[PDB]
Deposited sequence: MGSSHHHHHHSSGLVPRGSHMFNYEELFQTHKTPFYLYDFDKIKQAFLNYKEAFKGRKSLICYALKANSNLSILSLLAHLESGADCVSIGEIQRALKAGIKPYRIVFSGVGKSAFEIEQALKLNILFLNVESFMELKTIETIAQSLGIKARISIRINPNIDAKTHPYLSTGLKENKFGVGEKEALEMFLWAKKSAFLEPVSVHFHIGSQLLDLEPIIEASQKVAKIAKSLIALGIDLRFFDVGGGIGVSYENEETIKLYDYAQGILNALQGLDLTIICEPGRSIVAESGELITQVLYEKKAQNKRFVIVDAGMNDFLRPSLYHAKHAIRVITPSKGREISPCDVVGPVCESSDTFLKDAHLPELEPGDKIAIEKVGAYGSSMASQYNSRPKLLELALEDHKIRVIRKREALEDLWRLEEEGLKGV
């Protein structure tokens, strides 16, 4: 169906196959059938208003890390009682705004945050439902930037301090602790660290209840990685089974905060070839690191597939930006290409456009959705949009 597409839309652009988002979400809803669970899509992976509306129709929840995300979610149709707010740096304005929006709960990451929420809750005359994120100091075995479960990391808190915080929330007349939460990392290929984390948190949860803390939710976060380089992926059945066994004796609603595993595969970066250059061969395309930062930021490798039917040789697929970090794949192996040919960077649905910038003064890309039925979900940015907010200062 590519022909009609390239005739009506200029490259480069993000193209999303919506069914895969629906199917991926649905696989999470059924993984936990014999139990009460809540799947909160992590907006950070991709907050496009349209994909959120799709998830909202499937009654998805939302794991937000900012007021901006909470608003996107509400605007897309996600129910406030299915929204959870995490974040080690929530500002008083975000805290206050969250409380007035009646979301499920604020997942606190510091004792000082807990007190800040109490002070605001009290002034608003409401009892804030809150969850406490614990750092189980477990190595998720992943990229350091994507690793968040070690004492080293700024996320959550130790068992000792957690117990102290829960008790404090219990005593407060403006705090209602109702959930325990953890998230050891992202793009995880090993299910063991996850299970080990669930066991440790389940142990403290059992202890928390024995102390009167009335828990109702057990949040495991997200973290399941995708097959970027054809690696084996943690199966949901094995994931859900491991968690249910870790929760023996605890009658709690399980919450999952998957992001990448919901949208990664459904999104592809369609970019056109501009030139071919040569002892090494460089294939210059019109998309750049400003559009897709994963490769440079995490040395990630996404598959590149030629869409235009067409001698194979090694070559670095590079974008137009002035930096050496602006190269999608080193020594990729592709046939000889010519100006205008089209290629697709695979599995860019997560942390693709959500981390894109306008570096080198390049407008944010057009985003298209496929629904059996091509339509635009984000209009391309005009050149003037780049400096719109700088004109009055000129």
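Unmodelled regions (deposited sequence positions with no C-alpha coordinates, counted from 1) are 1-22, 301-302, 335-337, 400, 423-425.
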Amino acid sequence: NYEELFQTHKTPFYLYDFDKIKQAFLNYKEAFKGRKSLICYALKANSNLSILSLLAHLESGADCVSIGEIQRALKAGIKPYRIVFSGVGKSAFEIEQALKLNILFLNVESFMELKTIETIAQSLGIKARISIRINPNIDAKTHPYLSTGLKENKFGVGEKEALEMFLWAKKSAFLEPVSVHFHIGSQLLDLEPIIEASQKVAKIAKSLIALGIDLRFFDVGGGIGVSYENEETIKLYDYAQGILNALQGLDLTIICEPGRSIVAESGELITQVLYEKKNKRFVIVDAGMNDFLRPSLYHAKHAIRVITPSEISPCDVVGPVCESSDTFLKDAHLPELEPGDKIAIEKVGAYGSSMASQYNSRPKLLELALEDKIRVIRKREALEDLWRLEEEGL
From here on, numbers count along this sequence of modelled residues.
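Averaged over their C-alpha atoms, the temperature factors of 281-289 and 186-194 are higher for 186-194. Look at the C-alpha B-factors of 251-259 and of 141-149. On average they run higher in 141-149. Highest C-alpha temperature factor among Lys330, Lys44, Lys347, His57, as the PDB entry reports it: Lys330.
Across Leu386, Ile21, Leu370, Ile377, the entry's maximum B-factor at the CA atom is seen for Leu370. The PDB entry assigns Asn27 a C-alpha temperature factor belonging to the highest third of its chain's modelled residues. When the CA B factors of the chain's modelled residues are split into thirds, the value for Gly156 lands in the middle one. Annotation for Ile213: C-alpha temperature factor in the highest third relative to the rest of the modelled chain, per the entry. In the PDB entry, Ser91 places in the lowest third of its chain by CA B-factor. Among the modelled residues of its chain, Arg294 has a C-alpha B-factor that falls in the lowest third, as given in the PDB entry.
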